[PDB]
Structures are given as structure tokens and as C-alpha cells.
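Listing of data_2.pdb, PDB, C-alpha atoms (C1' of nucleotides)
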MODEL        1
ATOM      1  CA  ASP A   1      21.016  49.479 -21.359
ATOM      2  CA  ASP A   2      17.745  50.210 -23.234
ATOM      3  CA  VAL A   3      17.693  48.348 -26.645
ATOM      4  CA  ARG A   4      15.227  50.988 -27.993
ATOM      5  CA  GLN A   5      16.584  54.357 -29.328
ATOM      6  CA  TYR A   6      19.737  52.548 -30.706
ATOM      7  CA  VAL A   7      17.627  50.647 -33.333
ATOM      8  CA  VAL A   8      18.590  51.535 -36.948
ATOM      9  CA  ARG A   9      16.064  53.768 -38.831
ATOM     10  CA  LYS A  10      15.463  53.788 -42.640
ATOM     11  CA  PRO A  11      14.542  57.152 -44.361
ATOM     12  CA  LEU A  12      11.882  57.317 -47.152
ATOM     13  CA  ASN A  13      11.931  59.944 -49.972
ATOM     14  CA  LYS A  14       9.528  60.203 -53.003
ATOM     15  CA  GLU A  15       8.210  63.067 -55.214
ATOM     16  CA  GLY A  16       4.563  62.792 -53.935
ATOM     17  CA  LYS A  17       4.173  62.384 -50.122
ATOM     18  CA  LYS A  18       6.091  63.903 -47.153
ATOM     19  CA  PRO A  19       9.355  62.276 -45.892
ATOM     20  CA  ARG A  20       9.043  59.311 -43.430
ATOM     21  CA  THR A  21      11.236  56.907 -41.401
ATOM     22  CA  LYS A  22      10.746  53.147 -40.684
ATOM     23  CA  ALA A  23      12.174  50.598 -38.189
ATOM     24  CA  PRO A  24      11.297  46.888 -37.483
ATOM     25  CA  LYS A  25       9.355  45.210 -34.634
ATOM     26  CA  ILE A  26      12.018  43.816 -32.186
ATOM     27  CA  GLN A  27      11.896  40.028 -31.595
ATOM     28  CA  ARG A  28      13.419  39.181 -28.085
ATOM     29  CA  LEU A  29      12.694  42.337 -25.994
ATOM     30  CA  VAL A  30      11.140  40.883 -22.694
ATOM     31  CA  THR A  31       8.261  43.424 -22.383
ATOM     32  CA  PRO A  32       5.732  43.198 -19.432
ATOM     33  CA  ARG A  33       3.440  40.928 -21.573
ATOM     34  CA  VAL A  34       6.228  38.282 -21.826
ATOM     35  CA  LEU A  35       6.621  38.372 -17.997
ATOM     36  CA  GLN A  36       2.808  38.117 -17.514
ATOM     37  CA  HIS A  37       2.677  34.907 -19.668
ATOM     38  CA  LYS A  38       5.609  33.459 -17.585
ATOM     39  CA  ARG A  39       3.681  34.086 -14.285
ATOM     40  CA  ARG A  40       0.511  32.199 -15.428
ATOM     41  CA  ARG A  41       2.643  29.248 -16.685
ATOM     42  CA  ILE A  42       3.689  28.576 -13.011
ATOM     43  CA  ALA A  43       0.264  29.454 -11.457
ATOM     44  CA  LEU A  44      -1.200  26.470 -13.422
ATOM     45  CA  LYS A  45       1.511  24.155 -11.889
ATOM     46  CA  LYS A  46       0.453  25.321  -8.362
ATOM     47  CA  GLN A  47      -3.280  24.734  -9.131
ATOM     48  CA  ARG A  48      -2.609  21.089 -10.263
ATOM     49  CA  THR A  49      -0.615  20.298  -7.060
ATOM     50  CA  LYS A  50      -3.521  21.692  -4.903
TER      51      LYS A  50
ATOM     52  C1'   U B   1     -56.993 -16.383 -67.062
ATOM     53  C1'   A B   2     -53.747 -23.547 -64.093
ATOM     54  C1'   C B   3     -55.818 -22.382 -72.189
ATOM     55  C1'   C B   4     -53.661 -23.946 -77.325
ATOM     56  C1'   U B   5     -54.169 -23.928 -83.408
ATOM     57  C1'   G B   6     -52.005 -25.177 -89.036
ATOM     58  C1'   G B   7     -48.660 -29.293 -91.463
ATOM     59  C1'   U B   8     -46.978 -36.828 -92.911
ATOM     60  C1'   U B   9     -52.935 -40.140 -95.417
ATOM     61  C1'   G B  10     -57.430 -42.186-100.450
ATOM     62  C1'   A B  11     -59.513 -41.650 -95.339
ATOM     63  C1'   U B  12     -58.477 -43.054 -89.488
ATOM     64  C1'   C B  13     -55.841 -43.258 -84.738
ATOM     65  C1'   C B  14     -50.772 -42.118 -82.609
ATOM     66  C1'   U B  15     -45.465 -40.797 -82.048
ATOM     67  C1'   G B  16     -42.627 -36.513 -83.094
ATOM     68  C1'   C B  17     -40.788 -32.251 -84.579
ATOM     69  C1'   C B  18     -41.404 -27.735 -87.690
ATOM     70  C1'   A B  19     -44.666 -23.064 -88.013
ATOM     71  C1'   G B  20     -48.059 -19.795 -85.459
ATOM     72  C1'   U B  21     -49.369 -16.903 -80.340
ATOM     73  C1'   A B  22     -47.842 -13.248 -75.635
ATOM     74  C1'   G B  23     -43.842 -10.606 -72.808
ATOM     75  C1'   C B  24     -38.913  -8.716 -72.281
ATOM     76  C1'   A B  25     -34.069  -5.600 -74.432
ATOM     77  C1'   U B  26     -30.257  -4.342 -78.459
ATOM     78  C1'   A B  27     -30.220  -2.669 -83.629
ATOM     79  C1'   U B  28     -33.270  -0.890 -87.685
ATOM     80  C1'   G B  29     -37.560   1.064 -91.171
ATOM     81  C1'   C B  30     -41.898   4.221 -91.975
ATOM     82  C1'   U B  31     -44.671   8.047 -89.174
ATOM     83  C1'   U B  32     -45.505  12.422 -85.190
ATOM     84  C1'   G B  33     -49.608  17.731 -82.513
ATOM     85  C1'   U B  34     -49.674  19.078 -76.567
ATOM     86  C1'   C B  35     -47.641  17.950 -71.377
ATOM     87  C1'   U B  36     -44.859  15.533 -66.654
ATOM     88  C1'   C B  37     -40.713  12.264 -65.801
ATOM     89  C1'   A B  38     -35.433  10.376 -67.861
ATOM     90  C1'   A B  39     -31.462   5.694 -69.970
ATOM     91  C1'   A B  40     -27.468   7.295 -73.069
ATOM     92  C1'   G B  41     -18.927   4.879 -76.459
ATOM     93  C1'   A B  42     -20.541  -1.482 -71.341
ATOM     94  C1'   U B  43     -20.560  -5.500 -75.995
ATOM     95  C1'   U B  44     -15.702  -4.457 -81.008
ATOM     96  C1'   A B  45     -10.139  -1.956 -79.341
ATOM     97  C1'   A B  46      -8.090  -2.063 -70.271
ATOM     98  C1'   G B  47      -7.063   0.638 -78.726
ATOM     99  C1'   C B  48      -4.461   5.971 -79.673
ATOM    100  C1'   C B  49      -5.240  10.870 -77.952
ATOM    101  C1'   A B  50      -4.593  18.140 -80.588
ATOM    102  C1'   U B  51      -6.733  22.098 -77.036
ATOM    103  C1'   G B  52      -9.075  24.203 -72.255
ATOM    104  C1'   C B  53     -10.545  23.105 -67.373
ATOM    105  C1'   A B  54     -10.796  19.037 -63.155
ATOM    106  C1'   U B  55      -6.840  21.135 -55.509
ATOM    107  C1'   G B  56      -6.039  24.350 -52.875
ATOM    108  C1'   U B  57      -5.598  27.457 -48.108
ATOM    109  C1'   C B  58      -5.397  33.340 -43.184
ATOM    110  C1'   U B  59      -7.693  34.606 -38.023
ATOM    111  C1'   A B  60      -8.213  39.324 -32.371
ATOM    112  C1'   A B  61      -4.328  35.172 -31.841
ATOM    113  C1'   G B  62       3.612  31.696 -36.137
ATOM    114  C1'   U B  63       7.374  35.422 -39.166
ATOM    115  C1'   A B  64       5.423  42.585 -42.032
ATOM    116  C1'   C B  65      11.782  47.793 -42.602
ATOM    117  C1'   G B  66       7.439  46.001 -50.141
ATOM    118  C1'   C B  67       7.100  54.365 -50.964
ATOM    119  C1'   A B  68       2.454  49.283 -52.585
ATOM    120  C1'   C B  69      -1.564  52.476 -50.574
ATOM    121  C1'   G B  70      -1.984  55.526 -45.848
ATOM    122  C1'   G B  71      -3.053  58.948 -40.637
ATOM    123  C1'   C B  72      -1.931  64.707 -38.360
ATOM    124  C1'   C B  73       3.233  62.995 -35.358
ATOM    125  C1'   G B  74       5.596  60.632 -32.559
ATOM    126  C1'   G B  75       7.749  53.992 -33.422
ATOM    127  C1'   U B  76       6.568  54.614 -26.377
ATOM    128  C1'   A B  77       8.761  46.422 -29.250
ATOM    129  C1'   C B  78       5.373  48.396 -33.177
ATOM    130  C1'   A B  79      -0.777  51.750 -36.316
ATOM    131  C1'   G B  80      -3.446  50.539 -40.266
ATOM    132  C1'   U B  81      -4.939  47.790 -44.997
TER     133        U B  81
ENDMDL
END
Just give me the structure as C-alpha cells.
Amino acid sequence: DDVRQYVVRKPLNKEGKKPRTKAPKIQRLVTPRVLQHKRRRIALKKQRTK
RNA sequence: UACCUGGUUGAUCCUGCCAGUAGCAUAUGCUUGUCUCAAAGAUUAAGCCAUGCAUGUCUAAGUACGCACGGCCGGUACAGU
């Protein structure tokens, strides 16, 4: 399942500005950037053996 | 700049020390217009200390749900300060 969309949201209300909602940055999500760092980590091992 | 002078006797020649003469660095007295440098609670007590200051620190790159401030609307991890 997708871990996004199920994340809890916090509503903001005050007399001045418009309503808003907040949610946190997610800390173990395995995005494409995490996978890209894992690929270079093993490309450096191959270069040293050559 | 490798230098001496007064003082023992009625007078002389010596020994020998006292006093004078020049510099240096601590205190102290009288006196003082301009201008460039600049030592300064070591000496006695490593004695006793009111008050203030004398050591802090963030980048594109460890952790941002602070309505704290904010955008054109939306969290697509999640904007931005």
C-alpha cells in the first residue's frame, strides 16, 4: 500500500488568515533518491575491483 | 680620553683610610611653553575581595506538524524564512 494519503493532517484556525492544514515530512519512505544513493554505493565497489 | 684632588706635621718623605668626581635606577623636593615616541600594585601581604564584563557555534548538504511570520492551492516524503 501507499503510505501517503493515510498520513494524519492537523487543521489550523485563527481570526486573521484563511484556514490551513499541516502534516510532517515522512522519515523512512524509500523514494527514488534513496535507491539512487544505493546504486552508486555498489558502483564504487566495482570501480575499486577493476 | 689607558687621568686624579682636599685631610695626620713646627716643616719633610711614606703607609693607609676617610671626603670629593662621572654614569646607572627606585623614592622625593622645587620648577614647566610647543612637538614625536612610551615604562607604569614586581620589592611589603602567592594578603582579602562589593559590582559589571572576560567562550561560544549553522550550511545547497543530521532531526522543522512553533498560527511565529507567509504564497494563490495543492503536501505529489515535503515550499519558504
Quick one, how far is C1' of residue 72 in chain B from CA of residue 7 in chain A?
24.6 Å
Counting only C-alpha atoms (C1' of nucleotides), a student should be able to say which residues of chain A come within 7 Å of chain B; what is the right answer, written as a tab-separated table (two decimals) with C-alpha atoms, in the coordinates of the input?
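Result file is iface_11.tsv:
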chain	number	residue	atom	x	y	z
A	12	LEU	CA	11.88	57.32	-47.15
A	14	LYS	CA	9.53	60.20	-53.00
A	22	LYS	CA	10.75	53.15	-40.68
A	23	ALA	CA	12.17	50.60	-38.19
A	24	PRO	CA	11.30	46.89	-37.48
A	25	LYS	CA	9.36	45.21	-34.63
A	26	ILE	CA	12.02	43.82	-32.19
A	29	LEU	CA	12.69	42.34	-25.99
From the options B:58, B:74, B:37, B:3, which residue's atoms come nearest to residue 21 in chain A, counting all atoms listed in the file?
B:74
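Rounded to one decimal, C1' of residue 47 in chain B and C1' of residue 25 in chain B lie 28.0 Å from each other.
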Would you compute the box with edges along x, y and z of the file around range 25-30 of chain B, including every atom the file lists for it and 4 Å extra on each side, and give its centre and edge lengths in Å to one decimal, as lines of an AutoDock Vina configuration file?
center_x = -36.1
center_y = -0.7
center_z = -83.2
size_x = 19.7
size_y = 17.8
size_z = 25.5
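Picture a line from CA of residue 49 in chain A to CA of residue 36 in chain A; it runs 20.9 Å.
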With N, CA, C and O atoms as the goal, would you fill in the gaps in range 14-33 of chain A and present it as a PDB file, in the frame of the given file?
ATOM      1  N   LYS A  14      10.278  60.347 -51.742  1.00  0.00           N
ATOM      2  CA  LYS A  14       9.528  60.203 -53.003  1.00  0.00           C
ATOM      3  C   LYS A  14       8.962  61.565 -53.414  1.00  0.00           C
ATOM      4  O   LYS A  14       8.789  62.441 -52.569  1.00  0.00           O
ATOM      5  N   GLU A  15       8.669  61.767 -54.699  1.00  0.00           N
ATOM      6  CA  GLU A  15       8.210  63.067 -55.214  1.00  0.00           C
ATOM      7  C   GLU A  15       6.826  63.497 -54.676  1.00  0.00           C
ATOM      8  O   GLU A  15       6.572  64.688 -54.503  1.00  0.00           O
ATOM      9  N   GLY A  16       5.935  62.539 -54.391  1.00  0.00           N
ATOM     10  CA  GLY A  16       4.563  62.792 -53.935  1.00  0.00           C
ATOM     11  C   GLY A  16       4.433  63.193 -52.458  1.00  0.00           C
ATOM     12  O   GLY A  16       4.252  64.366 -52.129  1.00  0.00           O
ATOM     13  N   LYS A  17       4.443  62.203 -51.560  1.00  0.00           N
ATOM     14  CA  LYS A  17       4.173  62.384 -50.122  1.00  0.00           C
ATOM     15  C   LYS A  17       5.344  63.025 -49.362  1.00  0.00           C
ATOM     16  O   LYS A  17       6.466  63.105 -49.865  1.00  0.00           O
ATOM     17  N   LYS A  18       5.080  63.443 -48.118  1.00  0.00           N
ATOM     18  CA  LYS A  18       6.091  63.903 -47.153  1.00  0.00           C
ATOM     19  C   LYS A  18       7.155  62.827 -46.860  1.00  0.00           C
ATOM     20  O   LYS A  18       6.864  61.633 -46.985  1.00  0.00           O
ATOM     21  N   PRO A  19       8.369  63.211 -46.426  1.00  0.00           N
ATOM     22  CA  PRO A  19       9.355  62.276 -45.892  1.00  0.00           C
ATOM     23  C   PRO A  19       8.810  61.454 -44.716  1.00  0.00           C
ATOM     24  O   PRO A  19       7.949  61.920 -43.964  1.00  0.00           O
ATOM     25  N   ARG A  20       9.352  60.249 -44.529  1.00  0.00           N
ATOM     26  CA  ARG A  20       9.043  59.311 -43.430  1.00  0.00           C
ATOM     27  C   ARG A  20      10.297  58.561 -42.985  1.00  0.00           C
ATOM     28  O   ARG A  20      11.297  58.536 -43.699  1.00  0.00           O
ATOM     29  N   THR A  21      10.235  57.901 -41.831  1.00  0.00           N
ATOM     30  CA  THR A  21      11.236  56.907 -41.401  1.00  0.00           C
ATOM     31  C   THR A  21      10.570  55.624 -40.901  1.00  0.00           C
ATOM     32  O   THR A  21       9.544  55.693 -40.226  1.00  0.00           O
ATOM     33  N   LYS A  22      11.189  54.468 -41.166  1.00  0.00           N
ATOM     34  CA  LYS A  22      10.746  53.147 -40.684  1.00  0.00           C
ATOM     35  C   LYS A  22      11.795  52.434 -39.827  1.00  0.00           C
ATOM     36  O   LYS A  22      12.991  52.656 -40.012  1.00  0.00           O
ATOM     37  N   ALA A  23      11.347  51.566 -38.919  1.00  0.00           N
ATOM     38  CA  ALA A  23      12.174  50.598 -38.189  1.00  0.00           C
ATOM     39  C   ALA A  23      11.359  49.326 -37.843  1.00  0.00           C
ATOM     40  O   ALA A  23      10.129  49.385 -37.801  1.00  0.00           O
ATOM     41  N   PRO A  24      11.998  48.161 -37.628  1.00  0.00           N
ATOM     42  CA  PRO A  24      11.297  46.888 -37.483  1.00  0.00           C
ATOM     43  C   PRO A  24      10.780  46.623 -36.065  1.00  0.00           C
ATOM     44  O   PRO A  24      11.392  47.034 -35.083  1.00  0.00           O
ATOM     45  N   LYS A  25       9.726  45.816 -35.922  1.00  0.00           N
ATOM     46  CA  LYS A  25       9.355  45.210 -34.634  1.00  0.00           C
ATOM     47  C   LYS A  25      10.493  44.322 -34.104  1.00  0.00           C
ATOM     48  O   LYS A  25      11.036  43.519 -34.858  1.00  0.00           O
ATOM     49  N   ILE A  26      10.835  44.433 -32.822  1.00  0.00           N
ATOM     50  CA  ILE A  26      12.018  43.816 -32.186  1.00  0.00           C
ATOM     51  C   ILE A  26      11.639  42.475 -31.533  1.00  0.00           C
ATOM     52  O   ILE A  26      10.652  42.401 -30.808  1.00  0.00           O
ATOM     53  N   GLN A  27      12.403  41.404 -31.784  1.00  0.00           N
ATOM     54  CA  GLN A  27      11.896  40.028 -31.595  1.00  0.00           C
ATOM     55  C   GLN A  27      12.285  39.260 -30.306  1.00  0.00           C
ATOM     56  O   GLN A  27      11.783  38.162 -30.087  1.00  0.00           O
ATOM     57  N   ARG A  28      13.112  39.801 -29.402  1.00  0.00           N
ATOM     58  CA  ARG A  28      13.419  39.181 -28.085  1.00  0.00           C
ATOM     59  C   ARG A  28      13.574  40.239 -26.976  1.00  0.00           C
ATOM     60  O   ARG A  28      14.612  40.325 -26.327  1.00  0.00           O
ATOM     61  N   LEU A  29      12.580  41.116 -26.810  1.00  0.00           N
ATOM     62  CA  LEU A  29      12.694  42.337 -25.994  1.00  0.00           C
ATOM     63  C   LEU A  29      12.294  42.206 -24.502  1.00  0.00           C
ATOM     64  O   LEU A  29      12.581  43.113 -23.727  1.00  0.00           O
ATOM     65  N   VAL A  30      11.638  41.118 -24.079  1.00  0.00           N
ATOM     66  CA  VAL A  30      11.140  40.883 -22.694  1.00  0.00           C
ATOM     67  C   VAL A  30      10.304  42.039 -22.112  1.00  0.00           C
ATOM     68  O   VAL A  30      10.554  42.550 -21.021  1.00  0.00           O
ATOM     69  N   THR A  31       9.275  42.458 -22.849  1.00  0.00           N
ATOM     70  CA  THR A  31       8.261  43.424 -22.383  1.00  0.00           C
ATOM     71  C   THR A  31       7.391  42.852 -21.243  1.00  0.00           C
ATOM     72  O   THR A  31       7.381  41.639 -21.021  1.00  0.00           O
ATOM     73  N   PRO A  32       6.601  43.670 -20.515  1.00  0.00           N
ATOM     74  CA  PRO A  32       5.732  43.198 -19.432  1.00  0.00           C
ATOM     75  C   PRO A  32       4.768  42.064 -19.811  1.00  0.00           C
ATOM     76  O   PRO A  32       4.460  41.215 -18.981  1.00  0.00           O
ATOM     77  N   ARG A  33       4.320  41.999 -21.071  1.00  0.00           N
ATOM     78  CA  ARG A  33       3.440  40.928 -21.573  1.00  0.00           C
ATOM     79  C   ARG A  33       4.116  39.555 -21.591  1.00  0.00           C
ATOM     80  O   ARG A  33       3.481  38.562 -21.255  1.00  0.00           O
TER      81      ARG A  33
END
